[PDB]
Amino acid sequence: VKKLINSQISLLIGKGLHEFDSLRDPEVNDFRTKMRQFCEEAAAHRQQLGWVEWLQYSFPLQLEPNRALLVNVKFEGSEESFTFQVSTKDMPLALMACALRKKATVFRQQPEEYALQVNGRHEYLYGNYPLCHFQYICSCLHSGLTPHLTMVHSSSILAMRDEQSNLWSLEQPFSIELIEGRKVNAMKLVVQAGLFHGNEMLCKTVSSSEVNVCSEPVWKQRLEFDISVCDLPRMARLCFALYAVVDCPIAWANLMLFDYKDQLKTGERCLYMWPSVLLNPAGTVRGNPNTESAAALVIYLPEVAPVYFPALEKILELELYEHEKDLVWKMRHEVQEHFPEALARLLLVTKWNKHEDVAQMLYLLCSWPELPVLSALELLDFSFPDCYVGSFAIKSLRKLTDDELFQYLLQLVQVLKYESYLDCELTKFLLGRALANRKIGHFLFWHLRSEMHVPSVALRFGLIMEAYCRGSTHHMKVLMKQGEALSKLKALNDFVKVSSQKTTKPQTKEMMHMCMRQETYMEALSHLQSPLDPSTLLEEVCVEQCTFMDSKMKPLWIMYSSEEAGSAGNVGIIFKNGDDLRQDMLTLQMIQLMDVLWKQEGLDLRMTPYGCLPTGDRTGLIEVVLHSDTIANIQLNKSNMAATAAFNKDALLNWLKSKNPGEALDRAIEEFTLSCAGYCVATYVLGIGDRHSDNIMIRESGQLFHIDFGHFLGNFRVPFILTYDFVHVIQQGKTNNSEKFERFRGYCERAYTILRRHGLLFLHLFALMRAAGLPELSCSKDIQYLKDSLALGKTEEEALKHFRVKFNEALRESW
């Protein structure tokens, strides 16, 4: 049976476990077995959680950042249901009290023994919270809909839990022998080596001598570095570049001078090199897995005697101008005593190529108080390679709530790429958090699963997903069920592209359905948790309603229903294969983040944060927003329709009218204006260009939102943007309506200002994303786009002035 589990894992993680053994690699082995131990202890913990604690683990609450309402409630056993009137202000327990008072009266006759499930969802209502704090209850009020809940008894919840069971002495200047290579070019070759700690070099980059273009080159020479061997910090990173010239890059390669046992490396080494777009400190520190084809650099770390980096207790024993640096360093204790939040800045002035200073720094670091989360996110930047700093940052990060953790999960995952060794605090942290919360577990998995086609991370990511699994057998099954669905989706989509290239849409659509109607597909595509959101159940796929966009990548449109979930189980997923969804996902997360920040100062711009989730190689899902359509479509202004207008500019408004009769119209225009402001500021701050009426959509509520991102931070300076046809809708259909127009400027103005206040949060976040290799996010010039857009260097009186110019500027540009 342990064989079954094993093969399921390899199947799930897209890498077979045998590959881990084949490497006969102590680091991997250690990682594997420690991390297995760790996770199995988590899982053990879990299997004995109390039932309310299990609910917390498995269906964590979904909260928002007096008045009446109809709620429909019923119990698990029977179909009989009651529709109560309760306040929006009542705790779930009041509602439960009612249910039971009604059950008792009908059924002829203990609220604390219950949780309320949202029907047809993995979602629950419990805790000491008024109902309109629950996103679902909240969502329902906004759309008019009657919450539909089931009284689920403690014995039943427990029944679920049960089913889910499983030194200083060495002062000579550091040096290497470059022996030779085995590679491909056109011209002479050179090797450049430099020793890095983070971005900053520990001295100059002693190159090679020029040698002929050749294929199996030989060097046999000492390169000696301008730094004492007893200096080298724990995280010293030796970096090579191989190029050709009469400048033209071929390959690059990095390694730690110390290994994971804190032993300085000796002697020889063959470095399987990575292809080029000269020096790449950021790049991974483990070799190219394609050993057949890769250029190989053989080098010689010499035996300076074994040599270990000193224990902590031995250590404990022992932008700004030149002088300013000197002063911080001097005032470092006082910096610790009175400004504990300036650590980053002090850390960037400590002399990392002088061991004594790194001792003095560390000793302060070791007594340093914990920092706020925002500061910790900054310390995770690659500028802080030291693991004592890493350890510090994780320790400060422990106070992250699950919602926040979820919020920055994509970034923390990306930062694993910076990591120097497989076993590290960040891995332990995330795994601990993922094992403690099934939603984090879900998304960690997919963040990882989705990058397995990527050589430099395949091993690392593979090993974590393995760990996770050892820690959650049941969740593993739930995830294979997702994997099988995505596998069928890929097959289905390939059929679609081949076929559509030979036949009319109607025909391929017919063909797609037959394919889908195969037992093997109905089985695969049904009865699963959405990878976009584990608390959304994809029950039966509605073949009749599925189709595909007959352009470009031919993405698929997959609809699903649920009897038990009714309306709210009528949900859809888009499956796209062929494009990178990373850019899209990132963009959508940042907007979602804007929305959370705005709501936290009580400003709700009625945003539409739909899931977008990469799952594999140029493959992921996008969550369908129903009841929506593009501006472009609407603006096609077709005859024999409700919106049929005398003037094109009326199209969009007629559409809204037709979707929103009588008194409803006002609120629609209101939703439109609110979301409009939101999206306007978000695209503007983010530098999202090439908006046009094809990539904007409105929902029937009037809510406006954006699709197909792929160009941000100004990677065409993006002006703020006002479309006349929106300005026309904001104005209630009037040529001049400056009451309504200026309320709009107001909203834009509030949302702009709130974002500036968390400017640092975006910066630190994007800082972390640089780890991802997204081509529109490659260097400073990009993070600078954000500084400029949030005019972060200015005062709030100023920036607002600045913004006002831009906004008026956009107004002129509107017709």
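In this text, rigid core is short for the largest set of C-alphas that superpose within 1.5 Å between two forms. Start at 1 and count along the sequence shown; that's the residue number.
Greater C-alpha displacement in 8 other deposited structures of this protein (rigid core superposition, RMS over structures and residues), of 79-87 versus 550-558: 550-558.
For the pair 214-222 and 342-350, greater average C-alpha departure from the shown form in 8 other deposited structures of this protein after core alignment is found in 214-222. In the deposited sequence, the stretch from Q109 to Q110 hides 4 to 9 residues that have no coordinates. In the deposited sequence, the stretch from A305 to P306 hides 1 to 3 residues that have no coordinates. Stretches 646-654 and 664-672 differ in mean C-alpha B factor, with the higher average recorded for 664-672. The stretch with the higher mean CA B factor, choosing between 17-25 and 791-799, is 791-799. When the Cα B-factors of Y421, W446, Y724, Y408 are read from the PDB record, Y724 comes out highest.
The top Cα temperature factor in the record, among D629, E79, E601, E544, falls on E79. When the modelled residues of the chain are ordered by C-alpha B-factor, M769 sits in the middle third.
The deposited CA B-factor of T619 belongs to the lowest third of values across its chain. In this PDB entry, the Cα temperature factor of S293 sits in the top third of its chain's modelled residues, the highest group. Sorting the modelled residues of the chain by their CA temperature factor places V478 in the lowest third. When all modelled residues of the chain are sorted by CA temperature factor, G390 is found within the middle third.
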